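Visitor: Residue numbers (the numbering used here), protein chains in the order written: chain U, 1 to 6; chain W, 1 to 49; chain X, 1 to 145; chain R, 1 to 49.
Attaching a single structure in structure tokens format; questions to follow.
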Amino acid sequence: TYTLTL
Amino acid sequence: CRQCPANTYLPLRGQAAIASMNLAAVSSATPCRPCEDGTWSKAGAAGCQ
Amino acid sequence: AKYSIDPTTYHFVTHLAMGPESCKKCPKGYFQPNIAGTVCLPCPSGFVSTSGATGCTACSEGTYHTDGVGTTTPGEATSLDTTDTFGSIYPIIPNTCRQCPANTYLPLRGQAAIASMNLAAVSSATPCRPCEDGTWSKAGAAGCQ
Amino acid sequence: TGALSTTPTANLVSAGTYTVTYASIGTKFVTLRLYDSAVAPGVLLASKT
């Protein structure tokens, strides 16, 4: 899984 | 043929779980409609109470 | 915070539906036809919808309902439309129509790739019928030649 | 990117080439996607708008 902030 | 979970109903005949071949982006889904607010239903039901 | 502050409503009320900004559109793949709606209903197996989605449309012949991740015009809802708006209640679901492969035909409308939740034993299957012997068909066709 | 840990990586877009000027007013949806390989058919892994 990948947690992204943008 | 599998039953819908609790609090969700399926009022149609001949429905299938839609598949996603790219599971990293979009996950597979089941066409089980949720009961409205104020209605519960038990399990694998055609309508809510 | 304190009992020396003007309250808004009674202590048991924790959510309020303010002015017309509280009506949020259902995501792609969900629809809601009623005029006082409460939940977004996922599209029936084999149907697609837009953002507004007061109704659904069926995948045409030669196409089956699945996820168009690599296609030209993906139709799935974005993270903004689902997670930033509704939370975890309505996730992203596939609502694209994909073409049948070569030498396979699909004569009916509104068909979906049947899913498998336990991928080790059974794999997901698409309902694309193969052409009979003596018939070829090109791609995403409703019948063989 | 760098090696991925529980700690979020530094600003990947901090370079000066990642800039944009919009010619029309309104809402613009900026999206970011994660693949594994640098070739076109590489599998999508995550997306954020």
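All C-beta atoms, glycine included, are put in the ideal place defined by N, C-alpha and C.
#1: Using a 10 Å radius around the Cβ and a threshold of 16 neighbouring Cβ atoms, would you call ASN118/X buried or exposed?
#2: Just to confirm the assignment, what range does the beta strand (DSSP E) spanning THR82/X have?
#3: How long is the line joining the alpha carbons of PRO31/W and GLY46/X, rounded to whole angstroms?
#4: So, does the CB of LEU119/X fall closer than 9 Å to a CB anywhere in chain R?
#5: Check this for me: beta carbons of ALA113/X and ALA19/W, under 9 Å apart or not?
#6: Bridge partners of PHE31/X, per DSSP?
#7: Can you pull the chain W residues whose beta carbon is under 7 Å from the beta carbon of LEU108/X, in chain order?
#8: Which partner residues of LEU34/R appear in the DSSP bridge assignment?
#9: Can you tell which of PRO27/X, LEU106/X and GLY70/X has the C-alpha that lies nearest to the C-alpha of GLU132/X?
#10: Report buried or exposed for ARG33/R, applying the criterion of at least 16 other Cβ atoms within 10 angstroms of its Cβ.
#11: Return the chain-ordered list of same chain residues with a C-beta closer than 8 Å to the C-beta of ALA43/W, the five sequence neighbours on each side being excluded.
#12: In terms of DSSP beta bridges, what is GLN99/X paired with?
Guide: Reading from the atomic positions:
#1: exposed
#2: Taken as a continuous stretch (DSSP letters only), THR82/X belongs to no beta strand (DSSP E), being part of the alpha helix (DSSP H) at 79-82.
#3: 10 Å
#4: no
#5: yes
#6: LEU41/X
#7: Residues of chain W passing the Cβ test: none, with the nearest at roughly 11 Å.
#8: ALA46/R
#9: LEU106/X
#10: exposed
#11: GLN3, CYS4, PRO5 and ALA6
#12: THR63/X
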